[PDB]
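Since the structure comes first, as structure tokens, the remarks are kept for the end.
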Amino acid sequence: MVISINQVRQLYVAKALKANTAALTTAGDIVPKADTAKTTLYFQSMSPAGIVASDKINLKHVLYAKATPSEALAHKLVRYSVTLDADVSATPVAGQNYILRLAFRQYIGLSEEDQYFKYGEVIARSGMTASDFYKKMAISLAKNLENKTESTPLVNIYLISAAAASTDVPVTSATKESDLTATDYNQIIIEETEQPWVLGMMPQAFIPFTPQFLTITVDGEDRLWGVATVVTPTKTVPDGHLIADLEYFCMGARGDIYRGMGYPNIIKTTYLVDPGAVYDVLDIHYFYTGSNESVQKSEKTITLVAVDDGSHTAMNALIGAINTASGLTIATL
Amino acid sequence: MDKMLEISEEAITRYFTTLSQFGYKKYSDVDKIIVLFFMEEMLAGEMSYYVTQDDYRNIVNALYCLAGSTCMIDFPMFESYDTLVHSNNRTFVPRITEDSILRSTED
Amino acid sequence: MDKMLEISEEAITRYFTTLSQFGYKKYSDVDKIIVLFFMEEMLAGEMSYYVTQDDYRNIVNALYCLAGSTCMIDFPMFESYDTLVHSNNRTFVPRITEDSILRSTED
Amino acid sequence: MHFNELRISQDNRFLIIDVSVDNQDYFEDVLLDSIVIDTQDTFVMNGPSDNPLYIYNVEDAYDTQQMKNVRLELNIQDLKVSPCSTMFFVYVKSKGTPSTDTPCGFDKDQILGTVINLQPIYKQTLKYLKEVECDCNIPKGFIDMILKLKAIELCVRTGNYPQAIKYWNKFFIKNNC
Amino acid sequence: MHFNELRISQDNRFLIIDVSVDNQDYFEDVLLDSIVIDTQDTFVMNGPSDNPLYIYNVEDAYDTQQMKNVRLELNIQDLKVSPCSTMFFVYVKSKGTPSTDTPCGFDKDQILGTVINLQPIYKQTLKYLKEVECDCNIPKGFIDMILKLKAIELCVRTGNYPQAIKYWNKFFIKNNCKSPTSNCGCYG
Amino acid sequence: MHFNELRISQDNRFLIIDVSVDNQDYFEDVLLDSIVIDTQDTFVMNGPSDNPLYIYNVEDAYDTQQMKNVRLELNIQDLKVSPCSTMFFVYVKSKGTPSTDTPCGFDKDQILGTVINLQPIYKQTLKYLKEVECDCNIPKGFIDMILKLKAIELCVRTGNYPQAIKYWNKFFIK
Amino acid sequence: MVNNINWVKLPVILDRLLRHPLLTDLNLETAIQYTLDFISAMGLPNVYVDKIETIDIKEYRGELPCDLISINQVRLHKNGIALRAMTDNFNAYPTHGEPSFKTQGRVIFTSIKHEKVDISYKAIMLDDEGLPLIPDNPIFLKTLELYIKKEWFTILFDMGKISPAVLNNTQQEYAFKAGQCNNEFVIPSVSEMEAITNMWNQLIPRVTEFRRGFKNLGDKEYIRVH
Amino acid sequence: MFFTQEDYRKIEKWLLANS
Amino acid sequence: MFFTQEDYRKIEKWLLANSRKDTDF
Amino acid sequence: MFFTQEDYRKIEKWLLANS
Amino acid sequence: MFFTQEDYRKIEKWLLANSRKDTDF
Amino acid sequence: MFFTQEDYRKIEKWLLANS
Amino acid sequence: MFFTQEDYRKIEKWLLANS
């Protein structure tokens, strides 16, 4: 991905902490070095082909140094409870055509003028209850939105029984009428899904949707058919794909600005992040000032990234070694 | 009310006590005495039936400008047992050292 | 604390002792007495639950401005056995006139 | 009757009322009736005002010693008032006839409890102490605030609530917390 | 042991006493022996005086939680003292032995509590209340009354009782109030 | 419980702490518990503060009379503080009940010892003496330094550490 | 003023008066009164403390600080434009321009309804006790001593307890030292004479330093070279 | 004791409610 | 809460305003 | 004022007395 | 490190805010 | 003796840890 | 503060004192 910078953004991966210069053996370690007169902080790392350093943070020229956890950088997948509107008709009437329209807004482009509209349709009959109707529409949407021919994963749809009321039964384009054996289906939850990600070229972005309904003419009136209420999210998209494209961008300052442009001839930078691991981020934003008439500021930042294991163990040790060496009060997350 | 009567009786008694010891009271203070007993007369007669609660609020807040204005009118004392910082006499009675799922637990 | 109590009692007792001997105390020092006992009741009441350790630092470092300000308030004395330069009572006991590869040795 | 605890919660989100009836051998027949909340805008001297902030009836909660103890945690933001800049007045009523051996003066059915938020005063004291830490001089505003608080305390303890409202609204109304 | 309610009724009739042993499980065998009421004019440094104002032995009653909590509601007219110009010392004597392992200093057999009528003092303070409003002047009377009260409070809670009587005699012994109307009143 | 030597090394690289328990017969049950280091920034009157500079627990070193005596030598640069402009407060604790025959006031679990670097003071005295050599006049800064040092001594021995830090920060740092 | 106003407490004058056996019944109570009388009769502006304090105007009226004795200027808090004396006889009175003000007691009558105004005013330097604090200039001390001496000798001479020649000598000495003190506290310093010079020599006169707070009364007037 | 108009409204209305 | 005679007199004087006699129908 | 129910009953009782 | 009854009272008043009874479940 | 907020936090957390 | 363990034991001892 391509992000905006405050005149630079440099990233260093904290795969291990070693506390001294002569202990840097594995690639990806970190030692926060500072002198006893608290005037300069800098970070020595073990790059995969040598020891590198950071830029020399003037500790009085710091603006903020705040460390952010792994759950504050995870995208929540929004849901939609699609139900029958009881004030129009509690049970589906036996003549009208019941159509649900899903309105996507960033289907291939980035704009909200690049839209997409997928549908689901049921013709309601006599003797068809509310539960037998939701059994007929989750199959109709899974044969539209979750088929094996669609070019992109758009949404994920589930049904909810009234006995369970929390666990999702997934419906895909192979599920039949006889697989779902429940007489108490009361909603159809449509959930956003994770779009594909190729490192640095196809970043983590999503396709949003809004379920919209057609009319059933219940009594000589074109009443809207349903109501779609947004539920609280349950599934998260983890932080591995964001930091892997964030390290892929920030290596371009200390290294090659191209990454593969021209392929007999690249300088192949070896990366340290795993895209299947969740990470914590500490971003120290400092600046530069000449001690003269030019007191004008040149803003910088150094982003450190450490692995999250659930209890924030690898980042809380990284914050404390910066706290005592440099004398800054970074809040332990 | 039954208290405006007491305040007025005290005020005029003090007024004539001063006129007994001295022969002079400030007429700027006699004006406050006059306001006080006029209000006492009006609220304790056939004119109180026009009084709303907003009128009562305004009347009380106007009368309390007279409270410590002179020696004759004095701040009334009412029966009260409260304060801006109340006491905490609740007792702690733990049960079988039992923490709840998150909070502690008593009887 | 149990000591803000003692300081406040001493300060107000000295205040009233001066008002017994003389008939005047500087109101610039009555201000300090007011601040002192207001702080002590602040810290010995229901408002002692809102204080962090940074707030404790600030409160102590602000109260120490009142320490030698007037005769009513004095510098409190605590039980201390320290000093800026300490005494070295360690003893020297080498082993049969021996040394290490570089230096001396003891028991 | 009497108050067990009457404060605003330390999180500045709840107004806690805990009432109990006196344990006396002549107060068995006395129960609790209702809780009425008033602010400095609606307060009137003669009992609770009309259009009160929050009326509470105790027989709704319970389905007899349960009636003699009541506790509440009223979310202040549901009352639609500022927890910093409000002076809550809590009235309580008995609904009960004490025994005939009641000593003179104890058969008071109604009580009253005043409530203020102490955080703003605490922060003001910390600001003034920080000013004191520089150059060891006491701001006159600090002594003024202390004595104004003492004035409001005297007014409340003496029952002179209207002038207490006057002092509060004039002096302490603009509070950050 | 501790005090639950130590107060004089605002109608200037009743010196209300309500003492109860502390509820911890070392204080079963400790009971209440007697209640001794003493005044500023008959005070002694240690323990109650040999000429108290009123004595009340608890054990001359039902003989166990009824002992552990006691309440007295003395009429002050019977004691033949002024409710407002009198400062009372309430001594409560314990009967028993606390069980061992208690932290020391909790096993205090005697407890003392001071009582005063603040209503006349508030009457005096209300006179100088309005000096708080006026700016450009120090509210000298308000500060003086606040310090007068605080001296007695401080000297009581520190145990410096003799100076507390000295201050009380200097300041508030000439307090005046409306004596309770012996014929009771109709109200409710 | 007392201090044997509480000094900053002459090389300005180690902070020497050598604690011991008193030899009298009724501290036989009493041991040494922990060592907590605070500076002029993190001190609080009521014992050691939160987020201290350096905590030490003495069971960790050993594997009982060895626990009655302890010696530490902390590389000051590892503590990330300035050895020249830092005033260290060294707490110690006991974790032990003395006998029932103790004379009153002697049973105290905690002690405290203040530490500073005497090298800058020595250099200032040498500079002022050099000034005195020229024309044999006493600079007033020298007398001010002497009296302010005596003021900090009095504050330390009376336990008035807040005003002690105030004087230190105001005069011997800035 | 060439010299500086180093402050000392009032009984420094009683140090000096009571050398005279005929002034031994003077007290701090008398010293305070006669010192305030001398401060006012001399009217020296260097003896007062320059203070600035902002107030709000409710409706053509504002509350005045407690210690105010004189107002150097009044200006609008947002614009900074200074105010002038109000010549208008019907300011806040309607029927059926440039802002101004007027001050009598604790009230300032401005011509603006609702605005905040900055007042640069003069007060008295006080002591730790709420008492006046006097300069230690020995000219000022000697003149105040002679003032108090002259008043006390006038009283004694009205009684007939002082020879008229004694009072005449005292009045003569006090008159000369009053002139001396007046000149001492008024004559500009060298740094003040630079301000006066910059004000005086102006090829293009500057006549609008009242709008500002007389900030640029003393700036030099630099002409470009052509 | 002092009644406002609203007190009289309450009393009279509640009496008619019980008649 | 206790009512005395004059409160009752005020209550009756208020209620008399609303009511009439039989002859007034 | 609130006029809890027994106050209304007192008012009824008094009024109904000379009824 | 000795605690008096008052310190325990402060501990009680702090802990009471965090705990509730059976009825409050 | 005196407590701050943090002291109470430590005490209550240590209580809950062992309950 | 820096509480020792034995102080915590004292606290729970005195809290379960009213058990």
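Identifiers for the structure tokens are assigned positionally: chains receive A, B, ... in sequence, residues are indexed from 1 per chain, and ligands are indexed from 1 in the order shown.
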
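For segment 12-23 of chain K, the set of protein, DNA and RNA residues having any atom at most 8 Å away, when counting only C-alpha atoms and skipping those fewer than 4 positions along the same chain, is residues 88, 90, 91, 92, 103, 104, 105, 106 and 107 of chain B; 8 of chain K; 8 and 12 of chain L.
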
Can I have chain C aligned to chain B? Use a least-squares fit on all Cα atoms paired in order and write it out as a short mmCIF file (atom, residue, chain, number, x, y, z; two decimals) with N, CA and C atoms, in the first residue's frame.
data_model
loop_
_atom_site.label_atom_id
_atom_site.label_comp_id
_atom_site.auth_asym_id
_atom_site.auth_seq_id
_atom_site.Cartn_x
_atom_site.Cartn_y
_atom_site.Cartn_z
N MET C 1 -47.35 30.49 57.18
CA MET C 1 -45.89 30.22 57.32
C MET C 1 -45.55 29.93 58.77
N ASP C 2 -45.97 30.83 59.65
CA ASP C 2 -45.75 30.85 61.09
C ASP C 2 -44.33 31.33 61.43
N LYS C 3 -43.44 31.49 60.44
CA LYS C 3 -42.10 32.00 60.69
C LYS C 3 -41.92 33.45 60.30
N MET C 4 -42.57 33.90 59.22
CA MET C 4 -42.57 35.33 58.93
C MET C 4 -43.14 36.11 60.11
N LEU C 5 -44.09 35.51 60.82
CA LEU C 5 -44.59 36.08 62.07
C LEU C 5 -43.45 36.31 63.06
N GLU C 6 -42.66 35.26 63.33
CA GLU C 6 -41.59 35.37 64.31
C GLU C 6 -40.55 36.39 63.88
N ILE C 7 -40.16 36.36 62.60
CA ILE C 7 -39.16 37.32 62.12
C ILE C 7 -39.67 38.74 62.23
N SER C 8 -40.94 38.98 61.87
CA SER C 8 -41.48 40.33 61.94
C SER C 8 -41.56 40.81 63.39
N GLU C 9 -42.03 39.95 64.29
CA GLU C 9 -42.10 40.33 65.70
C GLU C 9 -40.72 40.67 66.23
N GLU C 10 -39.73 39.82 65.93
CA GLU C 10 -38.37 40.08 66.36
C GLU C 10 -37.86 41.40 65.80
N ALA C 11 -38.11 41.65 64.51
CA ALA C 11 -37.57 42.84 63.87
C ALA C 11 -38.14 44.10 64.48
N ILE C 12 -39.46 44.15 64.66
CA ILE C 12 -40.06 45.38 65.18
C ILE C 12 -39.75 45.54 66.66
N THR C 13 -39.65 44.44 67.40
CA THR C 13 -39.24 44.55 68.80
C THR C 13 -37.82 45.11 68.90
N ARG C 14 -36.92 44.66 68.02
CA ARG C 14 -35.57 45.22 68.02
C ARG C 14 -35.58 46.68 67.61
N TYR C 15 -36.44 47.04 66.65
CA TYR C 15 -36.57 48.44 66.24
C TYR C 15 -36.93 49.32 67.43
N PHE C 16 -37.96 48.93 68.17
CA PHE C 16 -38.38 49.77 69.29
C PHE C 16 -37.41 49.68 70.46
N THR C 17 -36.67 48.58 70.58
CA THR C 17 -35.61 48.53 71.58
C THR C 17 -34.50 49.52 71.25
N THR C 18 -34.14 49.63 69.97
CA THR C 18 -33.15 50.64 69.58
C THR C 18 -33.68 52.05 69.82
N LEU C 19 -34.95 52.29 69.47
CA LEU C 19 -35.53 53.60 69.74
C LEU C 19 -35.65 53.88 71.24
N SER C 20 -35.62 52.84 72.07
CA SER C 20 -35.56 53.05 73.52
C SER C 20 -34.15 53.40 73.97
N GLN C 21 -33.16 52.62 73.53
CA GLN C 21 -31.77 52.91 73.90
C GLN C 21 -31.30 54.20 73.23
N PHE C 22 -31.29 54.22 71.90
CA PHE C 22 -30.97 55.42 71.14
C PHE C 22 -32.27 56.15 70.83
N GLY C 23 -32.19 57.19 70.01
CA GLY C 23 -33.37 57.88 69.53
C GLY C 23 -33.38 57.97 68.02
N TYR C 24 -32.79 56.98 67.36
CA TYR C 24 -32.60 57.05 65.91
C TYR C 24 -32.31 55.66 65.36
N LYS C 25 -33.03 55.30 64.30
CA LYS C 25 -32.72 54.14 63.47
C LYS C 25 -32.69 54.60 62.02
N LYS C 26 -31.74 54.06 61.26
CA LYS C 26 -31.63 54.41 59.85
C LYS C 26 -32.95 54.14 59.14
N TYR C 27 -33.44 55.13 58.40
CA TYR C 27 -34.66 54.91 57.65
C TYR C 27 -34.44 53.98 56.46
N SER C 28 -33.18 53.80 56.04
CA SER C 28 -32.87 52.77 55.07
C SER C 28 -33.15 51.37 55.61
N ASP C 29 -33.17 51.21 56.94
CA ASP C 29 -33.56 49.95 57.56
C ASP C 29 -35.03 49.93 57.96
N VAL C 30 -35.61 51.08 58.28
CA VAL C 30 -37.06 51.14 58.45
C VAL C 30 -37.74 50.74 57.16
N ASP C 31 -37.13 51.04 56.01
CA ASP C 31 -37.66 50.55 54.74
C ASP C 31 -37.69 49.03 54.71
N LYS C 32 -36.62 48.39 55.17
CA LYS C 32 -36.58 46.93 55.18
C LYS C 32 -37.62 46.36 56.13
N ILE C 33 -37.81 46.98 57.29
CA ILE C 33 -38.85 46.53 58.22
C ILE C 33 -40.22 46.67 57.58
N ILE C 34 -40.46 47.78 56.88
CA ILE C 34 -41.74 48.00 56.22
C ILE C 34 -41.99 46.92 55.18
N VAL C 35 -40.98 46.65 54.34
CA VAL C 35 -41.12 45.60 53.33
C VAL C 35 -41.40 44.26 53.99
N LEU C 36 -40.70 43.96 55.08
CA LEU C 36 -40.85 42.65 55.71
C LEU C 36 -42.26 42.45 56.24
N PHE C 37 -42.76 43.39 57.05
CA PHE C 37 -44.07 43.13 57.62
C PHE C 37 -45.17 43.27 56.57
N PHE C 38 -44.98 44.13 55.56
CA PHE C 38 -45.93 44.19 54.47
C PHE C 38 -46.03 42.85 53.75
N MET C 39 -44.88 42.22 53.48
CA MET C 39 -44.89 40.88 52.88
C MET C 39 -45.58 39.87 53.77
N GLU C 40 -45.32 39.90 55.08
CA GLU C 40 -45.93 38.88 55.93
C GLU C 40 -47.45 39.03 55.95
N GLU C 41 -47.96 40.26 56.06
CA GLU C 41 -49.41 40.42 56.01
C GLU C 41 -49.95 40.11 54.62
N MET C 42 -49.15 40.33 53.58
CA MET C 42 -49.55 39.93 52.23
C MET C 42 -49.75 38.42 52.16
N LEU C 43 -48.84 37.66 52.77
CA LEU C 43 -48.86 36.20 52.67
C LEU C 43 -49.77 35.54 53.68
N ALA C 44 -50.18 36.26 54.74
CA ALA C 44 -51.07 35.73 55.76
C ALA C 44 -52.46 36.36 55.69
N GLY C 45 -52.89 36.76 54.50
CA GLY C 45 -54.15 37.44 54.29
C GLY C 45 -54.94 36.79 53.17
N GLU C 46 -55.82 37.60 52.57
CA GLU C 46 -56.67 37.14 51.48
C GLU C 46 -55.97 37.18 50.13
N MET C 47 -54.73 37.68 50.09
CA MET C 47 -53.94 37.74 48.87
C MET C 47 -52.94 36.60 48.75
N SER C 48 -53.03 35.59 49.63
CA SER C 48 -52.19 34.41 49.51
C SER C 48 -52.72 33.41 48.48
N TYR C 49 -53.88 33.67 47.89
CA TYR C 49 -54.46 32.78 46.89
C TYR C 49 -54.00 33.08 45.47
N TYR C 50 -53.25 34.16 45.25
CA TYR C 50 -52.80 34.55 43.92
C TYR C 50 -51.36 34.15 43.64
N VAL C 51 -50.76 33.29 44.47
CA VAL C 51 -49.33 32.98 44.38
C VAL C 51 -49.15 31.59 43.79
N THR C 52 -48.32 31.50 42.76
CA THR C 52 -47.86 30.23 42.23
C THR C 52 -46.59 29.80 42.96
N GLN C 53 -46.05 28.65 42.59
CA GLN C 53 -44.78 28.22 43.18
C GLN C 53 -43.61 29.04 42.65
N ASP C 54 -43.69 29.49 41.39
CA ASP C 54 -42.67 30.41 40.89
C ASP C 54 -42.70 31.73 41.66
N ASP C 55 -43.91 32.23 41.95
CA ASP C 55 -44.02 33.43 42.77
C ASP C 55 -43.47 33.18 44.16
N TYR C 56 -43.70 31.99 44.71
CA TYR C 56 -43.13 31.66 46.01
C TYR C 56 -41.61 31.67 45.96
N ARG C 57 -41.03 31.08 44.91
CA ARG C 57 -39.58 31.12 44.73
C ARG C 57 -39.07 32.55 44.71
N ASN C 58 -39.71 33.39 43.89
CA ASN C 58 -39.26 34.78 43.77
C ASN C 58 -39.38 35.52 45.09
N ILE C 59 -40.49 35.31 45.80
CA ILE C 59 -40.70 36.02 47.06
C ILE C 59 -39.65 35.61 48.09
N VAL C 60 -39.36 34.31 48.19
CA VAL C 60 -38.36 33.86 49.14
C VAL C 60 -36.97 34.38 48.76
N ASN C 61 -36.62 34.30 47.48
CA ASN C 61 -35.30 34.74 47.05
C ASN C 61 -35.14 36.25 47.13
N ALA C 62 -36.24 37.00 47.15
CA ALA C 62 -36.17 38.44 47.37
C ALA C 62 -36.15 38.79 48.85
N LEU C 63 -36.85 38.02 49.68
CA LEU C 63 -36.80 38.25 51.12
C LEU C 63 -35.44 37.92 51.70
N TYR C 64 -34.74 36.94 51.12
CA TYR C 64 -33.41 36.61 51.62
C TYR C 64 -32.39 37.71 51.37
N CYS C 65 -32.71 38.72 50.55
CA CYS C 65 -31.87 39.91 50.51
C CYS C 65 -31.95 40.72 51.80
N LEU C 66 -33.04 40.59 52.55
CA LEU C 66 -33.20 41.31 53.81
C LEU C 66 -32.61 40.57 55.00
N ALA C 67 -32.08 39.36 54.80
CA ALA C 67 -31.71 38.48 55.90
C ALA C 67 -30.67 39.10 56.82
N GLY C 68 -29.47 39.35 56.29
CA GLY C 68 -28.40 39.93 57.08
C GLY C 68 -28.20 41.40 56.79
N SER C 69 -29.20 42.04 56.19
CA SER C 69 -29.05 43.44 55.80
C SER C 69 -28.84 44.34 57.02
N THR C 70 -29.62 44.12 58.07
CA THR C 70 -29.53 44.89 59.30
C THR C 70 -29.62 43.94 60.48
N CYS C 71 -29.32 44.45 61.67
CA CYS C 71 -29.37 43.62 62.87
C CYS C 71 -30.80 43.24 63.23
N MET C 72 -31.79 44.04 62.83
CA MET C 72 -33.17 43.72 63.16
C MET C 72 -33.60 42.41 62.52
N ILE C 73 -33.21 42.18 61.27
CA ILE C 73 -33.54 40.97 60.53
C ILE C 73 -32.33 40.05 60.58
N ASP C 74 -32.56 38.78 60.89
CA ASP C 74 -31.50 37.79 61.00
C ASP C 74 -31.76 36.65 60.03
N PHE C 75 -30.72 35.86 59.80
CA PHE C 75 -30.86 34.65 59.00
C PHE C 75 -31.68 33.64 59.78
N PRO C 76 -32.83 33.19 59.30
CA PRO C 76 -33.59 32.19 60.06
C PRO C 76 -32.86 30.86 60.10
N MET C 77 -33.06 30.14 61.21
CA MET C 77 -32.46 28.83 61.42
C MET C 77 -33.57 27.78 61.38
N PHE C 78 -33.41 26.79 60.51
CA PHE C 78 -34.33 25.67 60.39
C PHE C 78 -33.67 24.41 60.92
N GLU C 79 -34.50 23.41 61.19
CA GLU C 79 -34.02 22.12 61.68
C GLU C 79 -33.48 21.33 60.49
N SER C 80 -32.16 21.23 60.40
CA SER C 80 -31.49 20.58 59.28
C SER C 80 -30.49 19.55 59.80
N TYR C 81 -30.41 18.42 59.10
CA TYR C 81 -29.48 17.34 59.41
C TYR C 81 -28.64 16.96 58.20
N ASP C 82 -28.42 17.89 57.28
CA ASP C 82 -27.70 17.64 56.04
C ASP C 82 -26.40 18.44 56.01
N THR C 83 -25.64 18.23 54.94
CA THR C 83 -24.35 18.89 54.74
C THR C 83 -23.92 18.61 53.31
N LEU C 84 -22.91 19.35 52.85
CA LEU C 84 -22.47 19.20 51.46
C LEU C 84 -21.72 17.89 51.24
N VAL C 85 -21.07 17.36 52.27
CA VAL C 85 -20.38 16.07 52.20
C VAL C 85 -20.88 15.21 53.35
N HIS C 86 -21.48 14.07 53.01
CA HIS C 86 -22.10 13.20 54.00
C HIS C 86 -21.13 12.10 54.43
N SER C 87 -21.47 11.45 55.54
CA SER C 87 -20.66 10.38 56.10
C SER C 87 -21.13 9.03 55.56
N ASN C 88 -20.17 8.13 55.34
CA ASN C 88 -20.43 6.79 54.82
C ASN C 88 -20.30 5.80 55.96
N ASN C 89 -21.44 5.35 56.49
CA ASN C 89 -21.47 4.39 57.59
C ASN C 89 -21.78 2.97 57.13
N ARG C 90 -21.79 2.71 55.82
CA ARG C 90 -22.01 1.36 55.33
C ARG C 90 -20.86 0.45 55.76
N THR C 91 -21.16 -0.84 55.94
CA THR C 91 -20.22 -1.82 56.45
C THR C 91 -19.99 -2.91 55.41
N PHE C 92 -18.81 -3.52 55.49
CA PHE C 92 -18.34 -4.51 54.52
C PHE C 92 -18.36 -5.91 55.13
N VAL C 93 -19.00 -6.85 54.43
CA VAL C 93 -19.23 -8.20 54.95
C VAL C 93 -19.21 -9.24 53.83
N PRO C 94 -18.04 -9.65 53.34
CA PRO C 94 -18.01 -10.66 52.27
C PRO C 94 -18.40 -12.06 52.73
N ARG C 95 -18.68 -12.93 51.76
CA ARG C 95 -19.13 -14.30 52.01
C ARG C 95 -18.00 -15.30 51.77
N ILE C 96 -17.49 -15.86 52.87
CA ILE C 96 -16.43 -16.87 52.94
C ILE C 96 -15.34 -16.63 51.88
N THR C 97 -14.80 -15.42 51.81
CA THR C 97 -13.69 -15.13 50.89
C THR C 97 -14.04 -15.44 49.44
N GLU C 98 -15.26 -15.09 49.02
CA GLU C 98 -15.74 -15.36 47.67
C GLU C 98 -15.68 -14.09 46.82
N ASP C 99 -15.88 -14.27 45.51
CA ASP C 99 -15.97 -13.17 44.57
C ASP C 99 -16.92 -13.57 43.45
N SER C 100 -17.37 -12.58 42.68
CA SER C 100 -18.17 -12.86 41.50
C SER C 100 -17.21 -13.12 40.33
N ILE C 101 -17.75 -13.16 39.11
CA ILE C 101 -16.89 -13.41 37.95
C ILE C 101 -15.91 -12.27 37.73
N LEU C 102 -16.19 -11.08 38.27
CA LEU C 102 -15.35 -9.90 38.09
C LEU C 102 -14.96 -9.17 39.37
N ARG C 103 -15.71 -9.33 40.46
CA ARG C 103 -15.63 -8.40 41.58
C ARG C 103 -16.01 -9.11 42.88
N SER C 104 -15.93 -8.36 43.98
CA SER C 104 -16.22 -8.87 45.31
C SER C 104 -17.73 -8.91 45.57
N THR C 105 -18.10 -9.47 46.72
CA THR C 105 -19.49 -9.78 47.05
C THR C 105 -19.68 -9.59 48.55
N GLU C 106 -20.94 -9.46 49.00
CA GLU C 106 -21.21 -9.46 50.44
C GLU C 106 -22.53 -10.18 50.71
N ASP C 107 -22.88 -10.24 52.00
CA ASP C 107 -24.09 -10.87 52.51
C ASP C 107 -25.34 -10.58 51.69
#

For segment 3-6 of chain J, list every protein, DNA or RNA residue within 12 Å, evaluated using only C-alpha atoms, and leave out those in the same chain fewer than 2 positions away; present the list as a PyMOL selection string. (chain D and resi 33-34+46-50+57+92-97+109-110) or (chain H and resi 3+6-12+14-15+18) or (chain I and resi 1-3) or (chain J and resi 1+8-13)

Select, as a ChimeraX atom specification, those residues of chain D with any atom no more than 10 Å from chain C (distances computed using only C-alpha atoms). /D:7,10,118-119,121-123,125-140,142-144,146-147

For chain A, which residues have at least one atom within 9 Å of chain F, if we go by only C-alpha atoms? Write them as a PyMOL selection string, please. chain A and resi 34-38+324-327

DSSP on the backbone: which residues in segment 112-218 of chain G end up as helix (DSSP H, G or I)? Give the answer as a VMD selection string. chain G and resid 138 to 159 164 to 184 190 to 200 215 to 217

Among the residues of segment 36-246 of chain A, find those DSSP assigns to strand (DSSP E or B) from the backbone and print them as a PyMOL selection string. chain A and resi 40-47+50-53+57-58+62-68+75-76+79-84+97-104+116-123+155-161+169-170+185-192+198+202+209-213+215-217+222-224+226-229+236-237

Got a sec to pull out which chain F residues are within 12 Å of chain K, counting only C-alpha atoms, and send them as a PyMOL selection string? chain F and resi 46-47+93-97+107-111

For chain E against chain C, which residues fall within 7 Å using only C-alpha atoms, given as a PyMOL selection string? chain E and resi 151+154-155

Report as a tab-separated table: every residue of chain D with an atom at most 12 Å from chain K, its closest pair of atoms, and their distance in Å to one decimal, counting only C-alpha atoms, with rows sorted by chain and ascending residue number.
residue	atom	partner	partner_atom	distance
D:5	CA	K:13	CA	10.5
D:7	CA	K:17	CA	11.6
D:8	CA	K:17	CA	11.7
D:9	CA	K:17	CA	8.7
D:10	CA	K:17	CA	9.2
D:11	CA	K:17	CA	10.9
D:14	CA	K:17	CA	11.8
D:16	CA	K:17	CA	10.6
D:62	CA	K:23	CA	11.5
D:66	CA	K:23	CA	11.7
D:71	CA	K:24	CA	10.9
D:72	CA	K:24	CA	11.3
D:73	CA	K:17	CA	11.5

Grab the atom CA of residue 20 of chain D to atom CA of residue 1 of chain D distance for me, in Å with one decimal place. 6.2 Å
